[PDB]
Amino acid sequence: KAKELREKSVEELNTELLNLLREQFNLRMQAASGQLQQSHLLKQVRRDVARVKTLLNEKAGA
Amino acid sequence: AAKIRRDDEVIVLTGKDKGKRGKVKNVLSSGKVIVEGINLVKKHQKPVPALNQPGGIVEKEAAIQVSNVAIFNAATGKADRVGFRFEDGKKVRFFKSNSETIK
Amino acid sequence: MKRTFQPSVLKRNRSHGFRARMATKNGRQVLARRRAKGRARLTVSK
Amino acid sequence: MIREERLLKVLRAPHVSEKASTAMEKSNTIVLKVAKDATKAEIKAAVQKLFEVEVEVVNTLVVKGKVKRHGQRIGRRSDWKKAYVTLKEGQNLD
Amino acid sequence: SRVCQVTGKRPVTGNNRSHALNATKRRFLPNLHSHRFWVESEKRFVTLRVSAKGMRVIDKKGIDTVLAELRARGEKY
RNA sequence: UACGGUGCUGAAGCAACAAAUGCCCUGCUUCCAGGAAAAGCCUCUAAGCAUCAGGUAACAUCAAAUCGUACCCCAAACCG
RNA sequence: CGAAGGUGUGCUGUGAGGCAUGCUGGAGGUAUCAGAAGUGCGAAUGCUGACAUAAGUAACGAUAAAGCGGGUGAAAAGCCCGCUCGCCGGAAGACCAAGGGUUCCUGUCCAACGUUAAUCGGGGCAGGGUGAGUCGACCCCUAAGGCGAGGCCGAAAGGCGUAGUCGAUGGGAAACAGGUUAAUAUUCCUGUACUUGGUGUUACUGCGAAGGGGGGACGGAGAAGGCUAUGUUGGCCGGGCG
RNA sequence: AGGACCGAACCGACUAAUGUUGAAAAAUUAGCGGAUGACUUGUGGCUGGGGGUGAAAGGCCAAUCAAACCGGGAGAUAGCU
RNA sequence: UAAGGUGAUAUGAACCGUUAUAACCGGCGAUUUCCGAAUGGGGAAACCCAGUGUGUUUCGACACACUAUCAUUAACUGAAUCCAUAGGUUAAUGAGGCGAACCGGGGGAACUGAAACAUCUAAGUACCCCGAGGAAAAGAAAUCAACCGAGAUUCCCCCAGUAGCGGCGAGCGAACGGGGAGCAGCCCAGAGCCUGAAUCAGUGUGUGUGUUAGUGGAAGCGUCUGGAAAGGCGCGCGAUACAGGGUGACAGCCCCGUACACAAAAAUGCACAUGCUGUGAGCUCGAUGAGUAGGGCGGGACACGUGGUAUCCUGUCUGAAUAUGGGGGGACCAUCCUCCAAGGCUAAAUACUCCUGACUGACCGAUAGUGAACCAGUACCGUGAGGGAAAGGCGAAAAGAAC
């Protein structure tokens, strides 16, 4: 995902990060109750937020 | 670097099932493989009410050491050893006898 | 009978606590000895 | 103004219990599990923004983890924060 | 401490040999005296804690060179 | 009614006397052994601020965070 | 086609010992001749572990006390419910600080813990339970005392100490009554309040401290007077006619 | 008014019994002394070992005191068992 | 590098990947809560309380950075008191704390031996403190030797338990000289002549060789006992590989390896070579470390305990010569010999292993070897410093016993 994400602006990365964080919050709330039967999505969204934050620190301030 | 892989047809060299051949089901990280229908054990499977398993004397394959099976060379109808060599800058396996590339 | 151990967390920390040991040279040596020995709980502090 | 991403991290899970259900149906108060370092303002803002409900007041308490015993080894569960969020009159939540 | 500012003398240790050759530990302190020296160059008084030998060196060498040595040695006066 | 408790309704709800070691009392009387400190609070101005800043009165609005709150506590849970 | 080890038997040498073999055991052992020792155990009130003995004996922890019917259960003197009896009641009742840290409440289990049985428990497992502008801590302020910029002193480490800064056990703002949970309540709900700070409109005008003064601000004992918490009696209200 | 009197809480421990592998490594029962003072108690602090503290017994200094406890010199030395 | 993975007890669930951003290993990065030198102030460690500046604000408030102390340097400011100094405020650089042993320095016992004990010994040992480095210290003769000569410092073997020292007791114990490991000599107390000329340190680039992942890597079948063959019995093959480990009993030829031959995009160590910066080389003349050497008094180190005691250091009082001079040659004097102190630097031989990798053992095999083969400095004991255990093996494979 990192290669595809690298050709994006700082504001695009920020809005993508915000969408990912909201998605993560919905997944967490859904997983609290027994509704969520796809446990891998939590780790997936977490690694996506990690990638976006890494790319943000890589681009800005360097 | 592994000589025995998933879809390889192998023949058992030592043990109670010596001579028989079969397909490797899956290779375990401990240096053991499960060959289809060879090392059959009878497990006294206990019933569990959740997941709805009846529980019975099930028969299933048990793991076996990679050191006890050798790759089967269909052409010569005998066991063989695996060697490594590079063809088109891509590492491939070949039978030690007849020195042809393993498909 | 009144036994010798009358507990008090305030007195406990003020007498054998981490800051009390680190205030002086000798306490730091005690801490160094315990770190060399590999103690799980360095001081009396919870 | 507390940041949005911080709001998105304050709420952990809904607390499900008999007392929680009783509070929800009688005093219009939902019992949520929140981050251990969250303030009442952060919890109120997070519920108001993410759930689109009007909050009246937030009451919080810190729950001590129990000391359990896994076989022979003695272990301790993690401490967590619990928040009683009282929604305004007429509001409805899932 | 009992340290001569100029010559660097400090308390040393030794023995008190008796007539029966019994040795008990003792110290030898420097003959320290606080004294105000007239620094003609700066036109002022600088008070140093010096030994008698320190006073003799200040007399022989001159106060200016001694102050230069103190500055080079990082001593404060 | 699950015999655990839950729901609805509800009369009189006054007077006299006794009386504390509690309150007036950080008081009063008396004695020598002559009985903490600092801040909050009220007031006064020095530099400075000159119709600005500030101050006090009313009204409106906002805020009061964080941690403890179970349980034993003259004891089967603390010190032995 | 059974090694070392373990346990019997037979033979052998003057002796420490050796050889063969039945059974158990299930993978190592080692002739001969030399070499090196953590080289031979019954004793050291020897060290560690195991198991006897006294002995199924003493004891089962205040001489405040138990009796019965019903329930659960495989089993009830001890658990639950009901009727009697007894014990504390300036405590053997109720609420806190200190200290402990989930022992609190519910469901479930009796292997180990309870000096007996155990369905019971402060025991095991799982779930639940601690809601604060007003209670307490945090915060503002200091006592004894600690640390202590510079500083003085000291072979070094370091000692004392100024300005400061901590340190409650003392000073400083404000909430009560009723109801509710199995477990929280001056925290939740209902009704009625109060305090301190920002901002914002109007009206009024000398504001300002690291300084000055007041106040906070203080001992022991004794004597009345007025009260209240609280109690007794009468009246009133509901029930009763043994 | 009082280091006054009788007597509870509170502080202490004079006499006897029990207990001495105790309910307790000093306590219980029945008596006893002080009980507005040189009283007693809660919280925090200060005094460190040849040192402290002592209404003074060489008492006490974490069930240890004619020199605490822990580590080190240290496998002290032992013409003794 | 890859056809298998999402660390372990520890299965299960939901998934990723199979020809290359699945997973794993390595290089360089990014993130790195709070406490701890802890560094914005405080503190009962993992907690409480701020100030300044720059941004946002849906005016409720949020985010980021800086703010400890001391040393040195620079600027501004600034008393008593005229100038000034002390003090104050900024900015830059550095230090603080931890760590097993080795090293140098500042202090420094006693038990013990003398068959008691005080001189003496144990011993400059144990211990405490300061400072630094991969080594440290020492170091280029005011050194020995004996009329012949040697040539800095350090360490090893002799000299030698000798000469001596010593209640001449117990004990302590050299040096001269010889054989080795290793070898290196310079600079400042000051000027002229030629001007950057040897060497060293820092920072780049290039080459070689390692280090941090890895690649290829030979050759066995039949039969008997056996649960199982690697064992027995035949017949082969490989070896620069018969080191080792695993595999159903003992495997050169079944697997991982080993001998051998290869490999780095990136970072780094060590030898070189070179660019740049600082630094100076050589010749002539001049100078030769003053409260210092020596001395009186009291100690200490030299094997040397004040003895006839030379030599070195100094707490106290003094005190020269200065190249025509001075020190030493074991009291001291004359002759003779040798050296130039009172100023520094310097690699190698030397000492040690907290840590990493490879190999070895007439070293141990669960009361042994680390206290700890095992979730051990843990449970437990103590207020605390501190003390400190017990506890390993089913089986080849859980096939862990359905009914």
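Residue numbers start from 1 in every chain, and the chains themselves are labelled A, B, ... in the order their sequence lines are given, proteins ahead of strands. Values below: all heavy atoms of this structure, side chains included; hydrogens, waters and symmetry mates excluded.
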State, with a plain yes or no, whether a side-chain heavy atom of [X] is found less than 4.5 Å away from one of [Y].
X     : Y     : value
E/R17 : E/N22 : no
C/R21 : C/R28 : no
D/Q48 : D/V55 : yes
E/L48 : E/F37 : yes

Polar side-chain atom of [X] near backbone of [Y] as donor-acceptor pair, under 3.5 Å:
X     : Y     : value
E/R10 : E/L29 : no
A/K59 : A/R6  : yes
C/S15 : C/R12 : no
D/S21 : D/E18 : yes
E/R73 : E/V6  : yes
B/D8  : B/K23 : no
C/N13 : C/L10 : no

Do [X] and [Y] have a side chain donor and acceptor closer than 3.5 Å?
X     : Y     : answer
A/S9  : A/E11 : yes
C/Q6  : C/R3  : no
C/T43 : C/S45 : yes
B/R85 : B/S99 : yes
E/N31 : E/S51 : no

### Query
Other than B/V12, what residues sit in its cluster of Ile, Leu, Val, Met, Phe, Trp and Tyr side chains whose heavy atoms are under 4.5 Å apart, directly or through others?
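B/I4, B/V10, B/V24, B/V27, B/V33, B/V35, B/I38, B/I64, B/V66, B/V69, listed by chain and number.
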### Message
Please identify which of these residues, E/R71, E/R49, E/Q5, meets the side-chain hydrogen bond (donor to acceptor under 3.5 Å, both in side chains) condition with E/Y77.
### Response
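Exactly one option meets the side-chain hydrogen bond (donor to acceptor under 3.5 Å, both in side chains) with E/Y77, and it is E/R71.
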### Message
What verdict does the side-chain contact (heavy atoms from CB on, under 4.5 Å) test give for E/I63 and E/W38, after you've listed the backbone C-alpha separation in whole Å, the side-chain angles of each residue and the deciding distance to 0.1 Å?
### Response
CA-CA 8 Å; E/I63 185 60; E/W38 171 247; over 6 Å; no
### Query
Should the pair D/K33 and D/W80 be classed as cation-pi, given the thresholds of under 6.0 Å to the six-membered ring centre and 45° from the axis?
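The answer is yes, since D/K33 meets both limits relative to D/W80.
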